[PDB]
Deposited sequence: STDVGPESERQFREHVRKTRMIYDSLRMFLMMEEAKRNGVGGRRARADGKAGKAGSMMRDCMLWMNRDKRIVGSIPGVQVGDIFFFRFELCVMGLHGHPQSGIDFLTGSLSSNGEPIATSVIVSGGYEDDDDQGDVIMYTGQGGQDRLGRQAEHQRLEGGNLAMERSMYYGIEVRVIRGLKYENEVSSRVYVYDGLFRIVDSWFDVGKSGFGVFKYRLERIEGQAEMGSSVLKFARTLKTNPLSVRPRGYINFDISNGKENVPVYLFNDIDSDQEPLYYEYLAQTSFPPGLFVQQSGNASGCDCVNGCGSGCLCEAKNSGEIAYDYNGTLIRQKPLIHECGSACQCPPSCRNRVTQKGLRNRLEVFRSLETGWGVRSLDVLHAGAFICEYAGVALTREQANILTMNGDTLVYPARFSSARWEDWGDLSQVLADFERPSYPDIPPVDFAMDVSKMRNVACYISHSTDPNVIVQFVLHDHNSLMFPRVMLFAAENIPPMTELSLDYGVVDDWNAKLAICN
């Protein structure tokens, strides 16, 4: 159905609001982490007060519309926002009301720690560190689990994993629906009674996200163990990036990406490249400096290097600035830092995916090619060559990024100045980086921002790519080429 698409869109907007709100609370406090979790919880409660949560009444059993298997989350409260799990410190979430059941409570969602069948231990009677301290009782969550076994209730499983990411200390991934097919009384070596439940996954679902996670990680540590064939080359960047760029092909013998000369940063025409002024933020850019004024009164990034909102042009600090490398206004000049993979595909010629988790608003890499003037572009274009026009990239799908107007009534969007559009062209037929293998899509998960750092010509800003949402590993990256 297309109502499915409508659900997915609603979820998209909800997540954009949540992450924007979090980031705002962080900017507010930092103007004056372990702060991450508290701010996440606050964002949650604020969204709750504004009636912005999904599945608020918990009356939904089984799939949450718009939330798909493999979706990743960074906080427990976030799961409450998306209606997946309503108890951020408890393993079992349950609904007292009755459909099947008879007003009898039934478990609708469980949180499972990482180490398909799951041997799940009931809750209750533990200390502050979760250590069993008394006999469990068949009440609340446990009784609800029992009842869900009895009534054959579809139970959502969300797996929690200590997983590398830049927003929190863990990753929560939705693994879909399981059924409880057995339950029993069991004893630990402590001697306390506990309840155990055997969970089995429902047949015919998409691959679990936790499997994809472990797979990606393994690709970072020992790729040949899971992919003994396919890897043509483990760095086509060929040491020109600070991280290796994988090249994978398990379909045929084509090795085209090898035949380009890798170019990590866009090459501007010789004889463009000095006079400009820098800020004096010797402890890093905060508020009220010159570079902020250059950015219409708002520094593009938060203190975690994350894009706050889209802008027509980003002025990063350069050599004229007295801020150190750790300054929050020096994001894209760091270059690629994520491990990416250019892989053969059928529907697209080649595609790009990330081995790492990518969070909403995070910088991925530059879109690097050979930049032309209008004369040079014209000459190559009269010969028949095809050129890329960065002005045609569309990020309009994610323009609500940073919008807090649904949470804060008094919110006004900071100015997005009307400037002349970029008009230069890029050739990527000879020299290019990983980003040039990114496929086209009307529903992109990557946005474009024009950035200046190394030079100060408005006519020739760099093309920098940012993750538009929380992208789990192995998800293909896409751009709207327009």
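Residues of the deposited sequence lacking C-alpha coordinates, numbered from 1, fall in the stretches 1-5, 38-43, 127-134, 293-296, 506-518.
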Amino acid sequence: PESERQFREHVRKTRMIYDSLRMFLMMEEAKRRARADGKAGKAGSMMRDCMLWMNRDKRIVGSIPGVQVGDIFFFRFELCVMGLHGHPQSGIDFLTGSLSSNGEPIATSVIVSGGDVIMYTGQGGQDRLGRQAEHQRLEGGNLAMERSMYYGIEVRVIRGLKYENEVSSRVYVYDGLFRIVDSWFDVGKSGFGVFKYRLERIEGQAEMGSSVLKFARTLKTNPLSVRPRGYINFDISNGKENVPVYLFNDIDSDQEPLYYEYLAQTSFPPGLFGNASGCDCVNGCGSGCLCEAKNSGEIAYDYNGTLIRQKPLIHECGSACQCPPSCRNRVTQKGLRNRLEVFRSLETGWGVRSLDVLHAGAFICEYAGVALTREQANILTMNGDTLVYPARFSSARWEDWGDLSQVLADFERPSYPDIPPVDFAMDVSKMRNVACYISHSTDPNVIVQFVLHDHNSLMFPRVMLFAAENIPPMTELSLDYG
From here on, numbers count along this sequence of modelled residues.
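According to the PDB record, 33-41 carries the higher mean C-alpha B-factor of the two stretches 33-41 and 422-430.
The stretch with the higher mean CA B factor, choosing between 411-419 and 444-452, is 411-419.
In this entry, the residue among 293, 202, 219, 79 with the greatest C-alpha B factor is 202. In the PDB entry, the Cα temperature factor peaks, among 394, 332, 90, 100, at 100. Sort the chain's modelled residues by C-alpha temperature factor and residue 65 lands in the middle third, per the entry. Among all modelled residues in its chain, residue 374 ranks in the highest third by Cα B-factor. Per the PDB record, residue ranking by Cα B-factor puts residue 264 in the middle third of the chain. When the modelled residues of the chain are ordered by their C-alpha B factor, residue 231 lands in the highest third. The PDB entry assigns residue 341 a C-alpha temperature factor belonging to the lowest third of its chain's modelled residues.
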